[PDB]
Amino acid sequence: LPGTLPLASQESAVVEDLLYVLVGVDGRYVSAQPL
Amino acid sequence: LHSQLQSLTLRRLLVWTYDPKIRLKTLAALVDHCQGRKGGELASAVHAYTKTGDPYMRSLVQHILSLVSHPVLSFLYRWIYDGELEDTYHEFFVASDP
């Protein structure tokens, strides 16, 4: 629930999510869609 | 890999086990191409894959061939210098008649 979450801290949650997607494995927030 | 579990994580495992996902993909597909072949016919079906095109495989299978083709070159160096073939199982391509 990143909407009810502070601003300066939720950015540190995306950067760990976005650090998986660069590998291929899906993530928590930044997900993939079928081709 | 087990000694470090006491640190490594999933996204860290991918790089550790990225190479043994290939050797375990040639060998796991080398035993299906030669299923019913026995004798020399098997040493001829593990040679059809030697030319994988890439140097990471053309240099793996070309080693298993150097072991599988050792018994074949054992009959040959026996049937050439001594002329005494002996194989209860029919493997050598020279078949005698009692």
# chains A, B, ... in the order shown; residues from 1 in each chain; ligands from 1
>>> interface_residues(of="chain B", to="chain A", cutoff="10 Å", atoms="only C-alpha atoms", output="list in words")
residues 10, 11, 14 and 15 of chain B
>>> residues_around(residues="residue 2 (chain A)", least_positions_apart="2", cutoff="12 Å", atoms="only C-alpha atoms", output="list in words")
residues 4, 5, 6, 7, 8, 9, 10, 11, 12, 13, 14, 28 and 29 of chain A
>>> write_last_selection(atoms="N, CA and C atoms", output="PDB file, in the first residue's frame")
ATOM      1  N   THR A   4      -0.700   5.001   1.206  1.00  0.00           N
ATOM      2  CA  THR A   4      -0.735   5.397   2.607  1.00  0.00           C
ATOM      3  C   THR A   4       0.645   5.378   3.252  1.00  0.00           C
ATOM      4  N   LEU A   5       1.699   5.508   2.460  1.00  0.00           N
ATOM      5  CA  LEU A   5       3.077   5.398   2.897  1.00  0.00           C
ATOM      6  C   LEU A   5       3.817   6.708   2.625  1.00  0.00           C
ATOM      7  N   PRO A   6       4.765   7.094   3.479  1.00  0.00           N
ATOM      8  CA  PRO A   6       5.459   8.379   3.299  1.00  0.00           C
ATOM      9  C   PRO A   6       6.175   8.474   1.958  1.00  0.00           C
ATOM     10  N   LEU A   7       6.587   9.702   1.635  1.00  0.00           N
ATOM     11  CA  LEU A   7       7.162   9.992   0.325  1.00  0.00           C
ATOM     12  C   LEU A   7       8.630   9.594   0.251  1.00  0.00           C
ATOM     13  N   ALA A   8       9.460  10.171   1.120  1.00  0.00           N
ATOM     14  CA  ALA A   8      10.899   9.961   1.030  1.00  0.00           C
ATOM     15  C   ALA A   8      11.304   8.518   1.301  1.00  0.00           C
ATOM     16  N   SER A   9      10.429   7.720   1.908  1.00  0.00           N
ATOM     17  CA  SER A   9      10.752   6.338   2.226  1.00  0.00           C
ATOM     18  C   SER A   9      10.269   5.350   1.178  1.00  0.00           C
ATOM     19  N   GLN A  10       9.113   5.596   0.559  1.00  0.00           N
ATOM     20  CA  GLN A  10       8.620   4.679  -0.458  1.00  0.00           C
ATOM     21  C   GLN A  10       9.538   4.624  -1.669  1.00  0.00           C
ATOM     22  N   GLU A  11      10.321   5.675  -1.906  1.00  0.00           N
ATOM     23  CA  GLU A  11      11.310   5.630  -2.975  1.00  0.00           C
ATOM     24  C   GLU A  11      12.353   4.552  -2.723  1.00  0.00           C
ATOM     25  N   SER A  12      12.707   4.316  -1.458  1.00  0.00           N
ATOM     26  CA  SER A  12      13.637   3.240  -1.150  1.00  0.00           C
ATOM     27  C   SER A  12      13.002   1.868  -1.312  1.00  0.00           C
ATOM     28  N   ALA A  13      11.674   1.795  -1.385  1.00  0.00           N
ATOM     29  CA  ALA A  13      11.023   0.520  -1.652  1.00  0.00           C
ATOM     30  C   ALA A  13      10.959   0.222  -3.141  1.00  0.00           C
ATOM     31  N   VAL A  14      10.815   1.251  -3.975  1.00  0.00           N
ATOM     32  CA  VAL A  14      10.810   1.037  -5.416  1.00  0.00           C
ATOM     33  C   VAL A  14      12.204   0.675  -5.906  1.00  0.00           C
ATOM     34  N   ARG A  28       7.570  -6.724  -6.694  1.00  0.00           N
ATOM     35  CA  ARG A  28       6.392  -6.529  -5.859  1.00  0.00           C
ATOM     36  C   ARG A  28       5.453  -5.486  -6.453  1.00  0.00           C
ATOM     37  N   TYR A  29       5.982  -4.314  -6.804  1.00  0.00           N
ATOM     38  CA  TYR A  29       5.188  -3.243  -7.399  1.00  0.00           C
ATOM     39  C   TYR A  29       5.373  -3.152  -8.907  1.00  0.00           C
TER      40      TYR A  29
END
>>> residues_around(residues="residue 16 (chain B)", least_positions_apart="4", cutoff="9 Å", atoms="only C-alpha atoms", output="mmCIF file with N, CA, C and O atoms, in the first residue's frame")
data_model
loop_
_atom_site.group_PDB
_atom_site.id
_atom_site.type_symbol
_atom_site.label_atom_id
_atom_site.label_comp_id
_atom_site.auth_asym_id
_atom_site.auth_seq_id
_atom_site.Cartn_x
_atom_site.Cartn_y
_atom_site.Cartn_z
ATOM 1 N N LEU B 1 27.924 -23.828 -1.935
ATOM 2 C CA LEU B 1 26.736 -23.004 -1.748
ATOM 3 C C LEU B 1 26.106 -23.217 -0.381
ATOM 4 O O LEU B 1 25.452 -22.312 0.145
ATOM 5 N N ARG B 12 21.028 -13.235 -5.760
ATOM 6 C CA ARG B 12 22.444 -13.568 -5.773
ATOM 7 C C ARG B 12 22.694 -14.973 -6.291
ATOM 8 O O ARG B 12 23.772 -15.248 -6.826
ATOM 9 N N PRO B 20 25.909 -23.537 -14.488
ATOM 10 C CA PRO B 20 25.456 -24.929 -14.391
ATOM 11 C C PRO B 20 23.993 -25.118 -14.758
ATOM 12 O O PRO B 20 23.431 -26.190 -14.527
#
>>> select_by_dssp(residues="chain A", states="helix (DSSP H, G or I)", output="MDAnalysis selection string")
chainID A and resid 2:4 7:21
>>> write_last_selection(atoms="C-alpha atoms", output="compact mmCIF listing (two decimals), in the first residue's frame")
# COMPACT_ATOMS: atom_id res chain seq x y z
CA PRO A 2 2.36 2.75 -1.20
CA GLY A 3 -0.45 5.31 -1.19
CA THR A 4 -0.74 5.40 2.61
CA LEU A 7 7.16 9.99 0.32
CA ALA A 8 10.90 9.96 1.03
CA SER A 9 10.75 6.34 2.23
CA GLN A 10 8.62 4.68 -0.46
CA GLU A 11 11.31 5.63 -2.97
CA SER A 12 13.64 3.24 -1.15
CA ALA A 13 11.02 0.52 -1.65
CA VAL A 14 10.81 1.04 -5.42
CA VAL A 15 14.59 1.02 -5.80
CA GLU A 16 14.71 -2.46 -4.26
CA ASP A 17 11.78 -3.61 -6.39
CA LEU A 18 13.30 -2.05 -9.51
CA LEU A 19 16.55 -3.84 -8.63
CA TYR A 20 14.95 -7.23 -9.36
CA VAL A 21 13.25 -6.31 -12.64
>>> atom_distance(atom1="CA of residue 90 (chain B)", atom2="CA of residue 37 (chain B)")
12.0 Å
>>> residues_around(residues="residue 85 (chain B)", least_positions_apart="3", cutoff="8 Å", atoms="only C-alpha atoms", output="mmCIF file with C-alpha atoms, in the first residue's frame")
data_model
loop_
_atom_site.group_PDB
_atom_site.id
_atom_site.type_symbol
_atom_site.label_atom_id
_atom_site.label_comp_id
_atom_site.auth_asym_id
_atom_site.auth_seq_id
_atom_site.Cartn_x
_atom_site.Cartn_y
_atom_site.Cartn_z
ATOM 1 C CA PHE B 75 38.222 -53.633 -29.954
ATOM 2 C CA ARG B 78 42.528 -55.757 -30.777
ATOM 3 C CA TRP B 79 40.895 -56.877 -34.049
#
>>> residues_around(residues="residue 41 (chain B)", least_positions_apart="4", cutoff="12 Å", atoms="only C-alpha atoms", output="list in words")
residues 33, 34, 35, 36, 37, 45, 46, 47, 48, 68, 69, 72, 90, 91, 92 and 93 of chain B
>>> atom_distance(atom1="CA of residue 32 (chain B)", atom2="CA of residue 44 (chain B)")
14.0 Å
>>> residues_around(residues="residue 22 (chain B)", least_positions_apart="6", cutoff="10 Å", atoms="only C-alpha atoms", output="PyMOL selection string")
chain B and resi 28+56-57
>>> write_last_selection(atoms="N, CA, C and O atoms", output="PDB file, in the first residue's frame")
ATOM      1  N   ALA B  28      21.328 -33.051 -19.884  1.00  0.00           N
ATOM      2  CA  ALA B  28      19.942 -33.478 -19.766  1.00  0.00           C
ATOM      3  C   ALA B  28      19.240 -33.569 -21.111  1.00  0.00           C
ATOM      4  O   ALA B  28      18.101 -34.040 -21.160  1.00  0.00           O
ATOM      5  N   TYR B  56      31.519 -23.288 -25.684  1.00  0.00           N
ATOM      6  CA  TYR B  56      31.195 -23.718 -24.297  1.00  0.00           C
ATOM      7  C   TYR B  56      30.646 -25.150 -24.311  1.00  0.00           C
ATOM      8  O   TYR B  56      30.704 -25.825 -23.264  1.00  0.00           O
ATOM      9  N   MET B  57      30.133 -25.593 -25.464  1.00  0.00           N
ATOM     10  CA  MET B  57      29.562 -26.962 -25.594  1.00  0.00           C
ATOM     11  C   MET B  57      30.471 -27.819 -26.485  1.00  0.00           C
ATOM     12  O   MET B  57      30.806 -28.946 -26.069  1.00  0.00           O
TER      13      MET B  57
END
>>> atom_distance(atom1="CA of residue 95 (chain B)", atom2="CA of residue 67 (chain B)")
23.6 Å
>>> closest_residue(among="B:26, B:94, B:42, B:73", to="residue 54 (chain B)", atoms="only C-alpha atoms")
B:26
